[PDB]
Ligand SMILES: *[C@@H]1O[C@H](CO)[C@@H](O[C@@H]2O[C@H](CO)[C@@H](O[C@@H]3O[C@H](CO[C@H]4O[C@H](CO)[C@@H](O)[C@H](O)[C@@H]4O)[C@@H](O)[C@H](O[C@H]4O[C@H](CO)[C@@H](O)[C@H](O)[C@@H]4O)[C@@H]3O)[C@H](O)[C@H]2NC(C)=O)[C@H](O)[C@H]1NC(C)=O
Ligand SMILES: *[C@@H]1O[C@H](CO)[C@@H](O[C@@H]2O[C@H](CO)[C@@H](O[C@@H]3O[C@H](CO[C@H]4O[C@H](CO)[C@@H](O)[C@H](O)[C@@H]4O)[C@@H](O)[C@H](O[C@H]4O[C@H](CO)[C@@H](O)[C@H](O)[C@@H]4O)[C@@H]3O)[C@H](O)[C@H]2NC(C)=O)[C@H](O)[C@H]1NC(C)=O
Ligand SMILES: *[C@@H]1O[C@H](CO)[C@@H](O[C@@H]2O[C@H](CO)[C@@H](O[C@@H]3O[C@H](CO)[C@@H](O)[C@H](O[C@H]4O[C@H](CO)[C@@H](O)[C@H](O)[C@@H]4O)[C@@H]3O)[C@H](O)[C@H]2NC(C)=O)[C@H](O)[C@H]1NC(C)=O
Ligand SMILES: *[C@@H]1O[C@H](CO)[C@@H](O[C@@H]2O[C@H](CO)[C@@H](O[C@@H]3O[C@H](CO)[C@@H](O)[C@H](O[C@H]4O[C@H](CO)[C@@H](O)[C@H](O)[C@@H]4O)[C@@H]3O)[C@H](O)[C@H]2NC(C)=O)[C@H](O)[C@H]1NC(C)=O
Ligand SMILES: *[C@@H]1O[C@H](CO)[C@@H](O[C@@H]2O[C@H](CO)[C@@H](O)[C@H](O)[C@H]2NC(C)=O)[C@H](O)[C@H]1NC(C)=O
Ligand SMILES: *[C@@H]1O[C@H](CO)[C@@H](O[C@@H]2O[C@H](CO)[C@@H](O)[C@H](O)[C@H]2NC(C)=O)[C@H](O)[C@H]1NC(C)=O
Ligand SMILES: *[C@@H]1O[C@H](CO)[C@@H](O[C@@H]2O[C@H](CO)[C@@H](O)[C@H](O)[C@H]2NC(C)=O)[C@H](O)[C@H]1NC(C)=O
Ligand SMILES: *[C@@H]1O[C@H](CO)[C@@H](O[C@@H]2O[C@H](CO)[C@@H](O)[C@H](O)[C@H]2NC(C)=O)[C@H](O)[C@H]1NC(C)=O
Ligand SMILES: CC(C)C[C@H](NC(=O)N[C@@H](CCC(=O)O)C(=O)O)C(=O)O
Ligand SMILES: CC(C)C[C@H](NC(=O)N[C@@H](CCC(=O)O)C(=O)O)C(=O)O
Ligand SMILES: *[C@@H]1O[C@H](CO)[C@@H](O)[C@H](O)[C@H]1NC(C)=O
Ligand SMILES: *[C@@H]1O[C@H](CO)[C@@H](O)[C@H](O)[C@H]1NC(C)=O
Ligand SMILES: *[C@@H]1O[C@H](CO)[C@@H](O)[C@H](O)[C@H]1NC(C)=O
Ligand SMILES: *[C@@H]1O[C@H](CO)[C@@H](O)[C@H](O)[C@H]1NC(C)=O
Ligand SMILES: *[C@@H]1O[C@H](CO)[C@@H](O)[C@H](O)[C@H]1NC(C)=O
Ligand SMILES: *[C@@H]1O[C@H](CO)[C@@H](O)[C@H](O)[C@H]1NC(C)=O
Ligand SMILES: [Ca+2]
Ligand SMILES: [Ca+2]
Ligand SMILES: [Cl-]
Ligand SMILES: [Cl-]
Ligand SMILES: [Zn+2]
Ligand SMILES: [Zn+2]
Ligand SMILES: [Zn+2]
Ligand SMILES: [Zn+2]
């Protein structure tokens, strides 16, 4: 038969390995010829695998590249202006790749040009609370200083935003061994650790969902009208550059001024971690000078879009998407995900050649320019937003399949919790010691839910990946899954470095490609069920449970300020009422879904439309404050860390640091406004599940 | 059988007459007890007529009322400050109503309080071009002056906005006999003309679609958080009051300064129509003083919502809605429409009692507080926006059924043109001389299309009525129809006056209620077809024809500036390309709609969803510039006259008066941006009609 078991059994570890090798021999940087050639290859292969149509969708978007004849670097300069120490111009290439052409040197994409010179302030992870500690407690002024921050904990674009608002004139980002060197493991090529010359690339935008900085709201097609640079979205105002820990040690060792305020400020290098400003007395006249010469450039990018037309509901789309562009070789990021998508397409195509079609249409996507700010997925969704909002059932992401080899990680909408528990109970665990047991059993054992016994942890969707437009802008139920470590926002040690190669994966992460196969089964199995189940596999009651958890959470935050809640009459009663109503209505809808006349395809589709439009109901067309492309009222990326999800984000940001606002009546008024918007949106989403007439 | 003929034959002129009499014996001002009682009566009657459910939906919204113990009036004051002339405190009540309680005196709803005193400038109709003529050509400065403007031509809220921006400190609105006294007809009670003591009530907001001024975006429910007055939407900044032509003559007769610039500035009173400022030499020391004491007040309003559940597609809604609140008796506005809705409900209920149900759900609405800014319809749509955007098939409005007795008037989306031509060919003409001929024949003969021989005129939807939220905010296909005169934006002579009574209609407009019956057949027949036709009765090819007409029109406007189009490379090629593509794709969709396997209900509903979501595709979630609740890219209310529709409004407003902008590069850049947005939206709407996979 053609059922999910036939699909899953066709997936092969050895195929995923072959595809990964094939995708990682040369760099595939967005906007380069090599990445266009790989796009054409995937288009051709998906056609041969049997998809109905496979097209390239191109856009011309703002990208950023170093200047090949005017390299970026940082110096220590003495009082005469001689450069006595320079940081590296490139990472030492790994064995056997020392002659590979077109490895982009480490840089921070979208940095402006400049050569600022000044004194160093060390700002730990450059988090909002790190800057609070510096200004408010230690009384250190970052204005006109160059800040040096360690990578880790939060998205680097938030670090740069925080440094700008502190008045910094430049930012140096570096990888501390505390965060990127696991104890007892060797440096690449002899293990999976970051060597001292390794450096993490990455963009430093603050797009808040906008996509291409020059075309917010509309696809960057041939006739698009572009903002000028000065009005672009999300560009940093100060120069930024990343370095490795050999170079950081040279910048940090001479630091003077104030001692670190506590041990959470100290990394693992043999330096004091002094906050500064500037260097100890002997070197007090030396300064640090950046030299950044990168350029922003409108450049063509290419998404591959494959279609497998549905047999019964061709106007309902289940999307499996992940990116193709990499910083260098992309051994983990993204090609361990792209190889998994390739094998899933191949498997679905095998069934199609034998005469099967899924019930609903499946769309497969290979996105471009993700590393430069989710640009390819966002421009495509801008072009196709009307089709997606009326027809989009679900989006399953497919970036890196592995970030470790310990257990499964799933982040998704509550609407998919039941689907994921049920599927993982049917899959075999690949873990040592769990031979013959389910993936559900190994996952629940290694990653227990903090809330429920005998359940696994499933996280909120945050951002920093290509589901953002589909979930937080358009309100399409979304999910992601990968194998993970036992620190989740800092990246694995060789993240975005030249050392992330096929050999890294084959030698140190997944020699038998069994974790890749398990992830292919989870992502593919989810797509299969979403595209084939007669009734969509969403359980609205799971949203009711989480809404109550998030309401309790945000109420608890507010209750730290009881005097103000009395003065300004701040009540959460309306939000709890809406959550209670959602719980009651979802329970009654679930009974009808179980009970309805199963011979009636209009009641079924009516009820399938109620399930599909439930995530859509949490969208507010006015967006969140000053972030028009984050429209979901229950979930947004954290305003302090794009990678993390925040619940009831409008109320959360209205309450954050509220005790510091100079006009408390205005600040608590805005808390009340956000409570009203959240209560109304929960009630309105509940009412979409009521009987329709 | 139960078919459209059974529905239409059940409608009775005599029933419409009985209901009109019943609805017009006492005033039904929004927010008053009498209007709540009428809402309860209609709820009870719709239940008895046989609807499945009938509920009141209430909201607490900002309304405005005069102060009963501190009356509004205008004076001429002499140099000592004695008030030598006062305008009336009330309209003389009509025969037999001189003892009716609670007639609200003439006032401009939402005027602020004040007692400004100054010199008079006469500004004709206070249109944008009238103010251009005064400032630019005649060099008259309105700053610190009281302006006097005649009603007519444009919505009075636009007149007040224009007067504010000219620096006026108050506005006096009056009815000139040129616009409100037809030659050879007697004044009320002896004919349908405005007497000299008659006055037009009406609000002077500039809401731009927002609804309740205090709650833009969200329903004004029990827990709503309200803007403060200073941040409310759309409130005027200067006092405003309306007067009749006996009083206007006293204010205008003493005017001096400049002569009227031409005859288009002169009305029909025996005065010079001097523009001012101020009075002729003998009276040069007299001034005009306003006394406005009205108050804005959050007040409860009540919509009645009736449901007739669909037999096959209960999750598809066809809405028939019109308002119930009136300024005084509402003999024409709205009760000639509300009586027609009442008879339509009664007829559908007769069929239902015999066992019939429509295919799709029909919703019937009696809206409140329309006269205060479309508040009841807009708050309800804000509450129910998710249901409406995913399920709303069409909205048919039902305000005044008559504004004359000459011929039919229809304004609607192009998607309903074919429906209207086909229905009116099946209906009998009620017109003298067309006995035995179709309504299509009489209408086409009396109101020929300016574009096509043998076709009738159908206008764009403008605004100033309760379809605005459904069409321009939410993108639901909408239409309206009424009997009309042979000046369409000024209102009939007794518009919004105490003289608009049952006797006005029964004696002078429609003694046999035949025009009311014809309008009931058109509105009811449209609802019937939309709710019962297997394939939705929309023709996408009609949108293609009009899009080309509007593209030619906006290109022609731009081509008045050939030098600038050369300098700034302003091309319309992308918009014509999108319109050509829409034409081709709509032609192919129409072939499939005719050809598809008619046994397949999923292809049918898939294709019905493509038809329903086509109007929805013209919505831009970012809205038009500075008007976030006007989201349709093809149609918006004119920025110069809310009642009129404008096509390609984003490009139109970017081009308007562009030769006066101080930075032409910036102004033509914004023209190009609006061309890009319009081209993209037309192409994206076209693509919703392509094969789905
Ligand atoms: C009305 O409908 C038509 C389709 O019938 C649309 O036509 C498209 O028009 C655009 C022009 O705006 C064409 O864009 C061009 O695409 C070329 C590559 O196309 C190939 O590859 C894609 C896969 O991604 C296929 O879809 C396609 O069939 C082709 O196989 C580019 O090479 C072109 O860019 C080059 O020329 C331009 C202009 O000189 C330069 O600015 C560039 O730098 C570059 O050198 C260009 O981008 C597109 O191919 C057409 N599609 C077709 C025929 O299917 C219209 O766009 C549509 N109107 C609107 C308003 O949408
Ligand atoms: C969770 O779900 C429940 C329903 O199970 C919703 O309950 C509604 O709650 C509101 C309160 O916010 C109630 O509003 C009150 O309505 C009264 C009139 O109700 C009658 O008429 C309507 C027809 O319009 C019917 O729908 C209804 O069944 C009743 O027949 C008003 O008189 C009340 O106003 C008075 O009291 C308040 C508070 O003291 C004053 O501020 C006012 O000035 C006034 O004196 C009030 O507006 C509503 O009736 C409830 N509906 C029910 C039970 O069906 C919850 O609202 C919902 N939670 C959320 C967040 O939506
Ligand atoms: C994850 O798996 C769980 C466990 O299988 C699953 O929950 C189960 O769903 C089924 C529906 O397939 C439920 O079975 C129903 O139970 C009610 C009450 O006992 C019956 O009335 C239902 O009978 C109707 O429907 C049948 C078809 O399903 C017809 O044969 C019948 O004639 C009736 O029309 C029906 O049997 C079962 O109760 C739950 N078990 C639970 C909740 O413990 C869950 O749905 C899966 N999650 C997904 C798919 O997302
Ligand atoms: C307004 O009225 C006009 C005039 O009636 C109407 O246009 C007509 O619509 C009918 C569809 O009902 C068209 O008839 C079709 O013509 C094509 C080509 O000749 C045929 O292939 C079609 O046959 C298929 O469908 C039939 C059911 O309709 C089946 O019996 C058959 O087996 C095939 O499946 C079909 O007969 C007719 O051509 C037009 N006439 C025109 C455009 O002049 C218009 O639709 C009405 N507007 C509305 C309802 O909004
Ligand atoms: C990755 O695999 C692809 C597909 O097998 C290879 O591209 C093919 O290469 C052969 C030999 O040059 C050609 O005859 C085909 O036309 C290519 N097919 C396609 C679809 O492009 C490619 O060589 C492999 N890359 C690496 C680095 O091994
Ligand atoms: C760090 O790099 C800089 C730039 O290449 C070096 O300084 C240059 O040295 C050359 C040759 O002596 C001079 O002609 C240039 O004028 C210098 N440029 C600048 C900008 O100072 C510097 O020598 C390097 N420092 C170390 C320690 O290697
Ligand atoms: C308008 O018609 C309604 C409905 O016939 C009248 O209200 C009814 O009046 C009688 C007598 O007072 C009562 O017994 C009923 O309870 C009322 N019914 C409803 C549904 O309200 C009303 O009197 C009429 N109004 C006028 C001005 O004629
Ligand atoms: C117009 O109305 C005003 C206000 O009622 C009249 O002026 C008042 O006259 C009374 C009685 O003589 C005085 O006690 C008040 O002080 C006056 N009020 C003001 C504001 O001036 C005025 O007489 C009326 N004019 C005409 C021509 O009827
Ligand atoms: C390793 C995690 C924390 C981040 C990783 N995502 C990314 O690397 N995204 C890129 C682009 C993110 C964006 O621009 O939003 C970045 O963070 O530089 C992932 O989701 O696998
Ligand atoms: C008589 C026409 C021009 C206007 C009439 N509409 C109205 O009277 N609407 C009211 C409220 C309009 C609004 O606030 O937008 C008004 O114009 O004062 C109608 O559409 O029948
Ligand atoms: C890069 O640097 C070179 C050499 O200094 C210079 O000539 C050129 O202008 C720069 N290129 C770009 C693209 O800015
Ligand atoms: C930090 O330094 C700058 C200039 O040196 C100054 O303008 C700013 O107010 C300072 N902030 C403090 C002391 O908080
Ligand atoms: C793979 O698993 C083993 C066993 O737990 C572990 O020691 C090793 O660190 C893992 N490799 C990676 C890259 O995490
Ligand atoms: C209306 O005017 C009276 C009498 O001058 C005054 O006492 C009252 O304050 C006013 N009422 C309102 C509602 O403003
Ligand atoms: C109109 O008058 C006011 C003050 O009397 C002045 O500020 C304004 O600039 C004048 N405008 C002109 C003369 O255009
Ligand atoms: C009704 O129709 C007649 C005949 O054309 C016309 O003279 C009269 O003015 C009409 N009444 C109204 C109110 O227009
Ligand atoms: Ca864009
Ligand atoms: Ca509102
Ligand atoms: Cl992922
Ligand atoms: Cl109307
Ligand atoms: Zn990635
Ligand atoms: Zn990455
Ligand atoms: Zn009206
Ligand atoms: Zn009116």
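In order, the residues displayed for chain B correspond to 55-540, 544-750 in Swiss-Prot numbering, which applies throughout.
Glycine residues also receive a Cβ, built from the backbone N, Cα and C atoms like all the rest.
Swiss-Prot has this to say about the protein:
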{"type": "BINDING", "residues": "B:269, B:272, B:433, B:436", "note": "Ca(2+) binding site"}
{"type": "BINDING", "residues": "B:377, B:387, B:453", "note": "Zn(2+) 1 binding site"}
{"type": "BINDING", "residues": "B:387, B:425, B:553", "note": "Zn(2+) 2 binding site"}
{"type": "ACT_SITE", "residues": "B:628", "note": "active site, charge relay system"}
{"type": "ACT_SITE", "residues": "B:666", "note": "active site, charge relay system"}
{"type": "ACT_SITE", "residues": "B:689", "note": "active site, charge relay system"}
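Shown here: features listed in Swiss-Prot, placed on the structure.
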residue : record                           : contacts (Cβ under 8 Å, 6+ apart)
B:269   : Ca(2+) binding site              : B:115, B:278, B:280, B:281, B:433, B:436
B:377   : Zn(2+) 1 binding site            : B:388, B:391, B:392, B:420, B:421, B:422, B:424, B:425, B:430, B:431, B:453, B:520
B:387   : Zn(2+) 1 binding site            : B:380, B:381, B:453, B:454, B:552, B:553, B:557
B:666   : active site, charge relay system : none
B:689   : active site, charge relay system : B:525, B:526, B:529, B:675, B:676, B:677
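Neighbour counts were taken at the CB atom with a 10 A radius for the binding-site residues B:425, B:433, B:436, B:453; the maximum falls on B:433. Chain A comes within the C-beta cut-off of under 8 angstroms for the following of the recorded positions B:272, B:425, B:666: B:272, B:666. Counting only same-chain residues six or more apart in sequence, the Cβ atoms lying under 8 angstroms from the Cβ of residue B:272 (Ca(2+) binding site) belong to B:278, B:436. With 3 residues unmodelled in between, residue B:540 and residue B:544 have Cα atoms 9 angstrom apart. The C-beta environment of residue B:628 (active site, charge relay system), restricted to residues of the same chain at least 6 apart in sequence and closer than 8 Å, consists of B:732. DSSP classifies residue B:666 (active site, charge relay system) as helix under the three-state reduction.
Taking the Cβ of residue B:553 (Zn(2+) 2 binding site) as centre and 10 Å as the limit, one finds 25 other Cβ atoms among all the protein chains shown. Not one of the recorded positions B:377, B:387, B:453, B:553, B:628, B:666 has a CB under 6 Å from ligand 18. Taking the mean position of the Cβ atoms of B:387, B:425, B:553 as the Zn(2+) 2 site, the remaining residues of that chain whose Cβ falls within 8 Å of it are B:255, B:256, B:380, B:381, B:384, B:388, B:552, B:557. Other residues of the same chain near the Zn(2+) 1 site, with their Cβ within 8 Å of the Cβ centroid of B:377, B:387, B:453, are B:376, B:380, B:384, B:388, B:391, B:392, B:424, B:425, B:454, B:519, B:520. For ligand 20, the neighbouring recorded positions among B:453, B:628, B:666 are B:453, by Cβ distance under 6 Å. Residues B:113, B:265, B:266, B:270, B:271, B:273, B:274, B:275, B:278, B:432, B:437 surround the recorded Ca(2+) site, their Cβ atoms falling within 8 Å of the Cβ centroid of B:269, B:272, B:433, B:436, which are themselves excluded.
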